[PDB]
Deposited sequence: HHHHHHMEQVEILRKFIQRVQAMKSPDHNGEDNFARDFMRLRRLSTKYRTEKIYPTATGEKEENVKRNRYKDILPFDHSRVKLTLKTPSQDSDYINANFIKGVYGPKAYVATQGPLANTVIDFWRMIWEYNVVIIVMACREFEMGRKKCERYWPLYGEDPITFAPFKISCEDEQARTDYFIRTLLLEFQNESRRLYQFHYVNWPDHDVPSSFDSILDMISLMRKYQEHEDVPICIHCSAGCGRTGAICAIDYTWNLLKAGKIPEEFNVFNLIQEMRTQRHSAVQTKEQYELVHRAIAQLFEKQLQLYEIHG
């Protein structure tokens, strides 16, 4: 029964914290293996990234080491006067109920904000989760593609984006946006998490509140950080498990390593560091604990 499964996971995670005889805990080691698995898949050419590495698309990638898998990449069939390439650096990730629950994508560049919106429009996305800041550690991480609350609307023809409300919670904002295109308009919600801890209350909070805005998985939710993996992947993994949980459906053979490993076959480096890998485990452990009265 769920209770036995939940307690087992919690005790498991508790044990994973203990260092090796070589000073490496389970998070460290599980993570190495994840990294080895990715090399394996690459070198067997199981998950090629051919489109992303074409000479045309180099200018459309934020980091030359982060490329979208061909098999799961988001294709832009909606065209504009200025941009008609189907290429964006983003991939679909499967959710608890099936394909396309998430779209994980890089933080847009100046020349790809337009593609960002083409994607948001074509795929009927309502929810945007941003988990980086525009600037971090002295470096630019993401183009600001949303107007500040009180700013005049911003034009990325043929798109028009306006911010009609903002709301502050502990470590994040919720911006209500209006996206307009050719006489149509769509209200979006952007959840901007601005405080990352490379305990997890603000993230769990954000995720549940976000799921009150979009309860279902009928249109993908869009999640990006700077590269579109790392934090992005940590967020998907927790959201996913939380849905499982709430659906009262934590499967007996629940294995987070397997969830992340699979996620990593749909978005390159989905969860990117061992620190993130531990985060996901502890946050779920906390979820499980709460539900355990």
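If you line the structure up with the deposited chain, the stretches without a C-alpha atom are 1-7, 206-210, 306-311.
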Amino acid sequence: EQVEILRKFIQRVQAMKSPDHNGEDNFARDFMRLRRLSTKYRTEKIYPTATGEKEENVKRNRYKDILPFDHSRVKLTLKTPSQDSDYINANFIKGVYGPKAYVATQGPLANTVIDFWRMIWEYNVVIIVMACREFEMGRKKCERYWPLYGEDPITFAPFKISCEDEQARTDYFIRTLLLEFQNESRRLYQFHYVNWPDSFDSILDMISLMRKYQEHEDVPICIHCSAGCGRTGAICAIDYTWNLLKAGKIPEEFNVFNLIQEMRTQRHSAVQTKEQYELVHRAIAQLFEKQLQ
From here on, numbers count along this sequence of modelled residues.
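Taking the PDB entry as given, 245-253 carries the higher mean Cα B factor of the two stretches 245-253 and 64-72. Checked against the record, the higher mean CA B factor of 135-143 and 86-94 lies with 135-143. If you compare the C-alpha temperature factors of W117, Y123, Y102, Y172 in the entry, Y172 comes out highest. Across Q106, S208, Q190, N111, the entry's maximum B-factor at the CA atom is seen for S208. Looking at the C-alpha B-factors along this chain, the one for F27 belongs to the middle third.
Sort the modelled residues of the chain by CA B factor and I128 lands in the lowest third. In the PDB entry, a CA B factor belonging to the lowest third of its chain's modelled residues is recorded for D239. Ranked within its chain, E262 lands in the lowest third, by CA B factor from the PDB record.
In this PDB entry, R35 carries a Cα temperature factor that places it within the lowest third of its chain's modelled residues.
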